[PDB]
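The chain below stands alone and is given as structure tokens, in the form deposited in one PDB entry.
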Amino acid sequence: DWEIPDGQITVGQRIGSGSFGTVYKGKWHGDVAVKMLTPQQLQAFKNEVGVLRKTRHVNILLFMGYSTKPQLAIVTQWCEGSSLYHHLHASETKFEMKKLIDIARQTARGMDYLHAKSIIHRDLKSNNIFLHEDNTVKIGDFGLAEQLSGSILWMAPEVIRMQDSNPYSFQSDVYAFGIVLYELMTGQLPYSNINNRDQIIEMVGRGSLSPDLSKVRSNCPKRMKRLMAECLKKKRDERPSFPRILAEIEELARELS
């Protein structure tokens, strides 16, 4: 099975921490990442292992195993480099249009696979798209934790309204992908001009606010700008599905190279 016996993993350097969980770099048949969980977090651990063991895709963080003794741990592959957010907004790594579209294609592949497996990511954003060895996209959920300040920009109008106390779906994931596409094609975050977070939460929820699509770079293909606008629509039933998103991106990638 995927259960890793006690004493096999060599837990190294502490990478990040929050309440509930701590991530480490470790050794287990090469480089690995280990996420340690509190004994209280047993159900959450079981649900996270259950979702991760359903995935075998190049563009999804590779699940490798879990441990139950001495503590609850989730073992994945070690990602090398930084997130797409870091590249676009923290560093100033100026990518060529070819590479931008490739990242978008690799992300659509990962998202399309998840949806086919009946998995909603629930928190798709550039901070959750790892650029492994500066080339391969690895979609994961790297968060550890008003409290959702780092996810509001990618939140669909109905998610912000918490519309049925169950506002998450394949369509809300499509919306977040439209925001990732915005980031890639403009090189910036949406609502950069707006100072208050409560203004964003209120105006997006009401329908009074949407990203400025005139901010896209001059070499942004026409098909990409249309698809981004289709992904960002207010009514979720108007948004496309990922099989259509991916085929549109793949057809665009070949038309460029």
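If you superpose the two forms and keep the largest set of C-alpha atoms that fall within 1.5 Å, you have the rigid core. Only residues modelled in both forms are compared. The numbering used is simple: start at 1 and walk along the sequence shown.
The same protein also has a form deposited in another entry, omitted here; what follows describes it.
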| item | value |
| --- | --- |
| Rigid core superposed: residue 230 CA moves 2 Å or more between this form and the one not shown | no |
| C-alpha of residue 43 off by 2 Å or more between this form and the one not shown on rigid core | yes |
| Core-aligned CA displacement of residue 19 at least 2 Å between this form and the one not shown | yes |
| Distance direction in that other deposited form for the C-alpha atoms of residue 19 and residue 83, relative to the displayed form (3 angstroms or more) | closer |
| Note on residue 125-residue 18 C-alpha separation in that other deposited form, which departs from the shown form by 3 angstroms or more | closer |
| Sequence-ordered runs, three or more residues, C-alpha shift 2 Å or more between this form and the one not shown, rigid core | 17-22, 38-48 |
